[PDB]
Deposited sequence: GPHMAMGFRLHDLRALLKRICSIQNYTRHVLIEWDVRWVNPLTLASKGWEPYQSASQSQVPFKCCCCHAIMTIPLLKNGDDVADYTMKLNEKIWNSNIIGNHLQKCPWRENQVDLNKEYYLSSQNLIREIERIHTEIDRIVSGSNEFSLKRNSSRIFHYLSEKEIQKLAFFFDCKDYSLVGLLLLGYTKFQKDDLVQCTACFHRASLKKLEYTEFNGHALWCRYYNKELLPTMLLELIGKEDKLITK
């Protein structure tokens, strides 16, 4: 399937993985791991200090993202790259040229896919039994809805994270940034990319609370 969520997520994850040893100036609209993945692009080879190559999973066509050490022309350049490379480099009849994953429907939060977040949180809690930024009033209700006594775990999962290593590392499920639990203890620090589903921390808990009020 072209719009399969799991394939999109794995493309995003691989892009983030091979980009870790490099700093890239993404933008929320034109060029970012999300838009690349939504257009079927996967990492092709290891990126040099100057350019990051990608290959289409159907075409096998190659595109490249430049690197510079910047803010003056990022917008115009990235819009050009989106039109000419992320779309253009596709072969004429490749499905990814004229089609794109519906990110609003499948990736970003909506009332029709909030249940997936509920499932994720419940599954994480079950696998465990097997971060305060909301009012005590609110976290009480959120923890109650998930039948969980550990408020901090509920908050952490509401931030979209999941444990990564035996170490203090924790990884986001939608943008795959890595943060230390020590960082998130008593800090406003937002570890998400600007384009992440969870970048606005209050969005998911707010939708969940509004859902609670309607039951």
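K.L.:
What are the missing stretches of the deposited sequence, listed from start to end?
P.N.:
Those stretches are 1-8, 78-81, 143-156, 242-247, listed in order.
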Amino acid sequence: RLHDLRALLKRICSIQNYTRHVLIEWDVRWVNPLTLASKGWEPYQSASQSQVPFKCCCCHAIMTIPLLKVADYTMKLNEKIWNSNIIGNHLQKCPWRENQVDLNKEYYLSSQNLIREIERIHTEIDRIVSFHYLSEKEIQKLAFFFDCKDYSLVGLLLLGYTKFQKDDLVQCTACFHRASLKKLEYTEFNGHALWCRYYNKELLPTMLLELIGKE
From here on, numbers count along this sequence of modelled residues.
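K.L.:
Would you tell me which stretch averages the higher CA B-factor in the PDB entry, 33-41 or 178-186?
P.N.:
178-186 has the higher mean C-alpha B-factor.
K.L.:
So which stretch wins on mean C-alpha B-factor, 113-121 or 139-147?
P.N.:
Averaging CA B-factors over each stretch, the winner is 139-147.
K.L.:
Using only the C-alpha B-factors in the record, can you name which of 28, 57, 62, 169 has the highest?
P.N.:
That would be 169.
K.L.:
Split into thirds by Cα B-factor across the chain's modelled residues, where does residue 101 land: lowest, middle or highest?
P.N.:
Middle third by C-alpha B-factor.
K.L.:
Within this chain's modelled residues, let me know which third the CA B factor of residue 76 belongs to: lowest, middle or highest.
P.N.:
Residue 76: CA B-factor falls in the middle third of its chain.
K.L.:
Is the Cα B-factor recorded for residue 173 in the lowest, middle or highest third of its chain?
P.N.:
For residue 173, the deposited C-alpha B-factor lands in the lowest third.
K.L.:
Taking only the Cα B-factors deposited for this chain, tell me whether residue 11 sits in the lowest, middle or highest third.
P.N.:
According to the entry, residue 11 has a C-alpha B-factor in the chain's lowest third.
K.L.:
If you rank the chain by CA B-factor, which third does residue 197 end up in: lowest, middle or highest?
P.N.:
Lowest third, going by the recorded CA B-factors of the chain.
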